[PDB]
């Protein structure tokens, strides 16, 4: 074996979990954006791996310094714009960069309120689904922006079943038309190259679509015949209501809530006491894209 028999399929490096708070003051009123940033590069050469020559390597320490400098100089209007600014900086500054990817997630600080009055400078951590984004670009290619929400845990106590599935000698699952639907969601969507809109406004709108499609209307809900169908309802709601979304990926990790058999304990459990099964757990995942966007890619 020698270097000549071996092909480099991929080389990538970067700085992970760069944590900082960007503070902005309008007189007495304070605004915060706390983020965690990961920035990864692929270089046009691999001399650092193949030859022990570091000449082209931008230290990961420099990646961190650049992220902090851009936050200071530019501020953070949206994590998407900040991710774009970082990718653009790397592409326009370093000719040895073949590819840049920036991942950002928001720390979910909310302003405190007292009797409906917003506090000028006090905040509470409220994780109701983590906001993230991702920007990436190859040399001479498009800068593509994705946004998402993860660690989003939703549960409805009825309007859920799973019936009429494939049966075989190892299938013991009963048909059910009235279970708890409990899901941890990862949702990620692509804007492609479109960046003419309010990133915060569209992110909020997509989140609203996910919750409403999951839940159905507040007065009656909507029957889910499978986790898979609920994923589809979420994706089709987003695509129907948010033209900026070109491609949407949803992953639902479910937890079954078992109605505990209490016969042997001398009472009847009419869907009163339910025990969650956290492992093993089921998952389903789907990615839908607009035909017109995918054809335009070719």
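Residue numbers count along the first chain shown, from 1.
**Q** Of the two stretches 102 to 110 and 89 to 97, which shows the higher Cα B-factor on average in the entry?
**A** Averaging CA B-factors over each stretch, the winner is 89 to 97.
**Q** Going by the B-factors listed in the PDB entry, is the mean over the C-alpha atoms higher for 154 to 162 or for 134 to 142?
**A** Mean B over CA atoms: larger for 134 to 142.
**Q** So among 212, 184, 80, 169, who wins on Cα B-factor in the entry?
**A** The listed residue with the largest C-alpha B-factor is 169.
**Q** Between 147, 206, 173, 126, let me know which has the highest C-alpha B-factor in the entry?
**A** Highest C-alpha B-factor among the listed residues goes to 173.
**Q** Is residue 249 in the lowest, middle or highest third of its chain when residues are ranked by C-alpha B-factor?
**A** As the PDB entry reports it, the C-alpha B-factor of residue 249 lands in the lowest third of its chain.
**Q** Check where residue 269 lands among this chain's C-alpha B-factors and tell me if it's the lowest, middle or highest third.
**A** Residue 269: CA B-factor falls in the highest third of its chain.
**Q** Could you place residue 261 in the lowest, middle or highest third of its chain by Cα temperature factor, using the values in the record?
**A** Highest third of the chain for residue 261's C-alpha B-factor.
**Q** Tell me, lowest, middle or highest third: where does the Cα B factor of residue 9 rank within its chain?
**A** Tercile = highest for this residue's CA B-factor.
**Q** Where does the C-alpha B-factor of residue 34 rank in its chain, lowest, middle or highest third?
**A** Residue 34: CA B-factor falls in the lowest third of its chain.
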